[PDB]
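As C-alpha cells, the structure follows; a few thoughts come after it.
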Amino acid sequence: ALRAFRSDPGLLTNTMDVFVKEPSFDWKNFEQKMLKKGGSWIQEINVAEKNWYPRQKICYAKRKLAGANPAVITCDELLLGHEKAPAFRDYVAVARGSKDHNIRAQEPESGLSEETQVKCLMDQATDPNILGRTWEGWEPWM
Amino acid sequence: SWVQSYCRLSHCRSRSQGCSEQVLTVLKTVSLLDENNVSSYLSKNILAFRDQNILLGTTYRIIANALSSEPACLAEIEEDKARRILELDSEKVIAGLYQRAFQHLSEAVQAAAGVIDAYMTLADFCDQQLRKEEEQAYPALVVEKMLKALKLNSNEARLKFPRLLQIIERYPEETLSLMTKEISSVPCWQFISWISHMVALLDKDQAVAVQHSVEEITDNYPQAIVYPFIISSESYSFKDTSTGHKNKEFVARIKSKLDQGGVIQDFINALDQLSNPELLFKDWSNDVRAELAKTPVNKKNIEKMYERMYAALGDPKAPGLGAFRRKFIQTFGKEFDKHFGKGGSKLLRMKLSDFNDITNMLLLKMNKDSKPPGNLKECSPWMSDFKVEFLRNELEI
C-alpha cells in the first residue's frame, strides 16, 4: 500500500492542504471539541493560537510521505508543541531509540526506501516501554 | 510507438529509482532520442508529435527535478555526457533545463482525450513551479489549459478546483476576468462535490467572479445547495465597500429564492427538537464560560447566546410558537418552571462568571426522572404523522 502511494505527483498533498486551510477549525473548533468532551485539556494554552501555521503541517506530511525516518518526524512533532516542557528529554529519549533494542536508532534519518520505512515503522509500532507507558484510556495491556 | 513505450517504461522506471541512478537511467533514453525518432515523420501526424513533445518535456523536467536535493556532486563521471548537458555554474544549466521543459511542453498546447494530457501536464508543471516560487505568466497559463480540460469530462481537472480557489486570491491581478470568461460556459454539475467551498466563498471578498454558476446550481438542482447555506449564512457578516453592497443583495436574493417550499426549515426544526436538552445545558454553560471568563466586553453576544438558550428550552410555550411542542418539553419546562423563572429573569445581564453549582445540582437531578429516549415517535410528534400530501417539491434525503 505504501509503495503504491509514494510514487505519485501529489494530488493527495494539495488536497490535504486545501483541507487544512479551511477557515472553520483554525484552533477555534478544535478548542471547542476539546472542551466539549473529557480529557485533560481544560486550560493553559497561550501558544496554541500560534504554531498552527499550515506550512508546518503540510511540510511535515510531505516529508513523512516523501521519505523520512518515523522517529525524526515524531521528534519534530513532539518538539514543536512541547518545547520548554518540564519533562522533555526523558520523553524524547524513550521515544527516540536505544541502538541495541530497536532498529530505528540504527538507520539513517532521511532519504530512505520503502521496505526499510515500513520495517522501522513496525519497529516503532511496538516497544515494552512505549506501550509500557501511555494514558490508560487507550488500554495498552490488550 | 516502440520508442514512446520505452520512454514510458523509463519514466515509470525512474519513479522507483534511488537518487543518483535517476539521471543515469534517463540520459540513455535521451541519447535514444538523440538518434532517429526525430527523423521527419512526426509532422504527418500532429497527435503523436504532441505526445513526443510531452515525453521530451517531462524527460527534461525529470532531469531538472533530479538535482533538487543534490547540487553538483551527481555531475561527476561525465565528459561527453557533460558535453551533451552543456549542449542545450550550477544555475545557468538548471534554468536552461527548466526553460527547455517550458518550451517543449508549451509546444504541445500550441499543437478524444488526446489533448487532456497536453493541458494537464503543463498545468501541473507550472503548478509545481509556483510551488517552488512560494518557498512570469504562471497564473495566466495554468487556468487556461486547466479549464480547457475541465470543460471536457474528467476527474483530474475536477480534483484541481481548490488550487484555482487559492490562486485567484493569491493572484488577483493575473487575469481575474479570464476565469470569469471561462466559467461562463461550463456544465455546472462538476462543482457539487466542491460546492461547500463555493457557498462560504461569497461571504468573503470577490464573489463577483463566480456567481453565475452558483445561480445556475440554485436554479437547476436546488436541493444540493441547501445544507451548506444554513451554516454559511448562520455566521455571515458583511462589509460596506462599493462592490460589497451588492453582495448582501445577492445573498439575500438567493436566500429568498431558496426554501421556496418553506418546509426544509421545518424538517430541520423537527430533527432538532428531539435531542437531549441537558446536553444543550452543558453546551450553554461551557460556551458561556468560554466567553464570559476572559472579560464581558462581548457586544450583544451574551444575549445572542441567551436567544438560543431561551428559544430551545425556555418558557414551555416558546417552542409552541417557534415550532411544534414535543411530549417531553411539556414535561421538561413544566418541571423547569422554577428552573427557568430565575433563569429567564436574572440570567440575561447578570455578569457573574463564576457560579454554576445550583445549576449543577439541578442538571444532575434533571437526568434522574427522565426517559430521553422517548420510547415512541411521538417524542417529536411532527414526523409521526407525515403522510406526504401534495405538490411541494419533496424532501429527497
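In the C-alpha cells, the first chain shown is A, the next is B, and so on; residue numbers restart at 1 for each chain, and ligands run from 1 in the order shown.
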Legend entry - Neighbours of chain B in chain A at 10 Å, counting only C-alpha atoms, as a PyMOL selection string: chain A and resi 3+6-12+14-15+17-19+21-23+32+35-36+55+111-114
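The environment of residue 261 of chain B within 12 Å, counting only C-alpha atoms and disregarding residues fewer than 4 places along the same chain, consists of residues 222, 223, 256, 257, 265, 266, 267, 390, 391, 392, 393, 394 and 395 of chain B.
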Inset, instruction - From a DSSP calculation on the backbone, collect every residue of chain A in alpha helix (DSSP H) and output the set as an MDAnalysis selection string. - result: chainID A and resid 2:5 11:20 28:36 55:65 70:79 89:94 114:125
Which residues are near segment 78-81 of chain B? Cut-off 9 Å, only C-alpha atoms, ignore same chain within fewer than 4 positions. Put them as a PDB file with N, CA, C and O atoms, in the first residue's frame.
```pdb
ATOM      1  N   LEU B  27      19.404   9.441 -19.082  1.00  0.00           N
ATOM      2  CA  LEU B  27      20.240  10.033 -20.124  1.00  0.00           C
ATOM      3  C   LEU B  27      20.417   9.093 -21.306  1.00  0.00           C
ATOM      4  O   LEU B  27      20.581   9.551 -22.443  1.00  0.00           O
ATOM      5  N   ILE B  85      25.123  17.728 -21.745  1.00  0.00           N
ATOM      6  CA  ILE B  85      24.459  18.566 -20.747  1.00  0.00           C
ATOM      7  C   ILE B  85      24.592  20.035 -21.124  1.00  0.00           C
ATOM      8  O   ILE B  85      23.607  20.782 -21.160  1.00  0.00           O
ATOM      9  N   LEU B  86      25.813  20.460 -21.448  1.00  0.00           N
ATOM     10  CA  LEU B  86      26.088  21.838 -21.833  1.00  0.00           C
ATOM     11  C   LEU B  86      25.722  22.139 -23.278  1.00  0.00           C
ATOM     12  O   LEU B  86      25.912  23.278 -23.718  1.00  0.00           O
TER      13      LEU B  86
END
```
All residues 9 Å or closer to residue 106 of chain B, only C-alpha atoms, same chain fewer than 2 positions away omitted, as an mmCIF file with N, CA and C atoms, in the first residue's frame:
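So selection23.cif came out as:
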```
data_model
loop_
_atom_site.group_PDB
_atom_site.id
_atom_site.type_symbol
_atom_site.label_atom_id
_atom_site.label_comp_id
_atom_site.auth_asym_id
_atom_site.auth_seq_id
_atom_site.Cartn_x
_atom_site.Cartn_y
_atom_site.Cartn_z
ATOM 1 N N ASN B 53 6.330 15.667 -27.862
ATOM 2 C CA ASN B 53 6.666 16.894 -27.144
ATOM 3 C C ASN B 53 6.466 16.730 -25.646
ATOM 4 N N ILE B 54 5.388 16.045 -25.251
ATOM 5 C CA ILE B 54 5.090 15.835 -23.836
ATOM 6 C C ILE B 54 6.144 14.943 -23.189
ATOM 7 N N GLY B 57 9.447 16.880 -22.910
ATOM 8 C CA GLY B 57 9.370 17.871 -21.852
ATOM 9 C C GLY B 57 9.403 17.259 -20.467
ATOM 10 N N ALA B 101 12.079 22.663 -20.782
ATOM 11 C CA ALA B 101 10.857 21.969 -20.389
ATOM 12 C C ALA B 101 9.630 22.815 -20.693
ATOM 13 N N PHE B 102 9.699 24.111 -20.365
ATOM 14 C CA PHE B 102 8.612 25.041 -20.668
ATOM 15 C C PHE B 102 8.376 25.139 -22.170
ATOM 16 N N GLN B 103 9.457 25.158 -22.956
ATOM 17 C CA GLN B 103 9.353 25.257 -24.412
ATOM 18 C C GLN B 103 8.691 24.025 -25.009
ATOM 19 N N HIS B 104 9.264 22.849 -24.756
ATOM 20 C CA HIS B 104 8.766 21.623 -25.362
ATOM 21 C C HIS B 104 7.501 21.097 -24.700
ATOM 22 N N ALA B 108 3.217 21.589 -27.031
ATOM 23 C CA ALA B 108 2.090 20.663 -27.053
ATOM 24 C C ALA B 108 0.758 21.403 -27.050
ATOM 25 N N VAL B 109 0.596 22.384 -26.158
ATOM 26 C CA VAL B 109 -0.648 23.143 -26.150
ATOM 27 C C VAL B 109 -0.709 24.097 -27.331
ATOM 28 N N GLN B 110 0.438 24.431 -27.928
ATOM 29 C CA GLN B 110 0.411 25.088 -29.225
ATOM 30 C C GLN B 110 -0.134 24.155 -30.295
ATOM 31 N N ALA B 111 0.138 22.860 -30.179
ATOM 32 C CA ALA B 111 -0.463 21.889 -31.079
ATOM 33 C C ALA B 111 -1.878 21.557 -30.624
ATOM 34 N N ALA B 118 -1.958 17.083 -22.758
ATOM 35 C CA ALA B 118 -1.172 18.275 -23.055
ATOM 36 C C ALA B 118 -1.591 19.449 -22.191
ATOM 37 N N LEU B 122 1.122 20.509 -18.619
ATOM 38 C CA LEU B 122 1.564 21.891 -18.474
ATOM 39 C C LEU B 122 0.967 22.524 -17.232
#
```
Inset, instruction - Give me the residues within 7 Å of segment 82-96 of chain A as a list in words, counting only C-alpha atoms and dropping any in the same chain fewer than 5 places off. - result: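 Skipping anything fewer than 5 positions along the chain leaves residues 71, 75 and 130 of chain A.
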Legend entry - Distance query residue 285 of chain B at most 10 Å, only C-alpha atoms, self and fewer than 3 positions along chain excluded, as a ChimeraX atom specification: /B:279-282,288-290,309,356,359-360
Legend entry - Computed interatomic separation between atom CA of residue 117 of chain B and atom CA of residue 174 of chain B (Å): 24.2 Å
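For the residues A:115, A:121, A:47, A:13, ranking by smallest atom-to-atom distance to residue 74 of chain A using only C-alpha atoms places A:121 first.
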